[PDB]
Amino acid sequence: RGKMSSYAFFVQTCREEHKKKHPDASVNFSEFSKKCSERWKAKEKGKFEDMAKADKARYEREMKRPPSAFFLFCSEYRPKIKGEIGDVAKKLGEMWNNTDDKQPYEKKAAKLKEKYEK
């Protein structure tokens, strides 16, 4: 994790204030660093100064090749299942295991095997 300086807690609280004052608005980073730097440049800062040591204690605790016949069959049955990745594969495998059925897909793979070899 990370540990935050007093100036950093300051910048965070300013970003929270700016978010509540202006929700719809998107903040520019370079300008916001300028204006936060000027606001930080003796009593106001004491709250953030004492918050930083609590975050330090938090840091302490944090420290401690044509395809297989199954692939060919799988790709076609993919659209139907989508209508109905890991869950898809499980459904595909169960139905392929439950299915002369795979003889045509293996004939297509047999035709493609010589094409891969050459």
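Residues carry their position along the shown sequence, with the first being 1.
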> How many residues sit between residue 41 and residue 42 in the deposited sequence but have no coordinates: none, 1 to 3, 4 to 9, or 10 or more?
Replying inline: 1 to 3
> Counting only residues of the deposited sequence, how many between residue 84 and residue 85 have no atoms in the entry (none, 1 to 3, 4 to 9, 10 or more)?
Replying inline: 4 to 9
> Going by the B-factors listed in the PDB entry, is the mean over the C-alpha atoms higher for 75-83 or for 27-35?
Replying inline: 75-83
>> If you average the CA temperature factors as listed in the entry, which stretch comes out higher, 15-23 or 90-98?
In response: 90-98
> residue 1's Cα B-factor: lowest, middle or highest third of the chain?
Replying inline: lowest
